[PDB]
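Everything on this sheet refers to the single structure shown next.
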Amino acid sequence: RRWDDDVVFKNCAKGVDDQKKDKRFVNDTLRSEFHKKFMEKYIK
Amino acid sequence: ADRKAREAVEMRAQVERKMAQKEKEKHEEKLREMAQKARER
Amino acid sequence: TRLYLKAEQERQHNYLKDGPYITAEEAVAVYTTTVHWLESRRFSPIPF
């Protein structure tokens, strides 16, 4: 109580805004979960 | 928001300039009209 | 390097075609937050 007063953004409550994760495979190898993680972890 | 904040900071400076004019007038009246040995010495 | 350039090319093309913006309702609050923080600190702006 009264610990977050000047907080502009109150609560997002949405990580991916459609589901908890992807949970859907696609034949496009570039637009998939494998190339999305390999371009985010190994690359910077 | 750019037109709104331009008028808001101008009105905030005008109240600050009103505070600056009031603080300068009170300090000039207390320094001139001294309670003891103003201009007799 | 080919995968990093192709993923940036598809993301920049998606930013113009689609609208992954900066949440324009809250973006007016972020511009007001920096305007209030600079006025509270009374910092002069960078001159020409």
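Scheme for the structure tokens: letters A, B, ... for chains in order shown; per-chain residue numbers from 1; ligand numbers from 1 in order shown.
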
Got a sec to pull out which chain C residues are within 8 Å of chain A, counting only C-alpha atoms, and send them as an MDAnalysis selection string?
chainID C and resid 3:4 26 29:30

Find the residues of chain B that sit at most 9 Å from chain C; for each, write down the nearest two atoms and how far apart they are in Å, to one decimal. Count only C-alpha atoms. Sort by chain, then by number going up, and give it as a tab-separated table.
residue	atom	partner	partner_atom	distance
B:1	CA	C:28	CA	6.7
B:2	CA	C:31	CA	8.9
B:5	CA	C:35	CA	7.7
B:9	CA	C:39	CA	7.9

Grab the residues selected above and save them as a tab-separated table (two decimals), in the first residue's frame with N, CA and C atoms.
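Saved to out-v6.tsv:
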chain	number	residue	atom	x	y	z
B	1	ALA	N	0.88	17.04	-27.53
B	1	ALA	CA	1.56	17.14	-26.24
B	1	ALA	C	2.67	18.18	-26.29
B	2	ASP	N	3.21	18.45	-27.49
B	2	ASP	CA	4.25	19.46	-27.62
B	2	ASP	C	3.68	20.86	-27.46
B	5	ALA	N	2.67	21.10	-23.57
B	5	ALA	CA	3.77	21.26	-22.62
B	5	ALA	C	4.49	22.58	-22.79
B	9	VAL	N	4.83	24.73	-19.41
B	9	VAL	CA	6.11	25.16	-18.85
B	9	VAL	C	6.21	26.68	-18.83

DSSP on the backbone: what in chain A comes out alpha helix (DSSP H), as an MDAnalysis selection string?
chainID A and resid 33:38
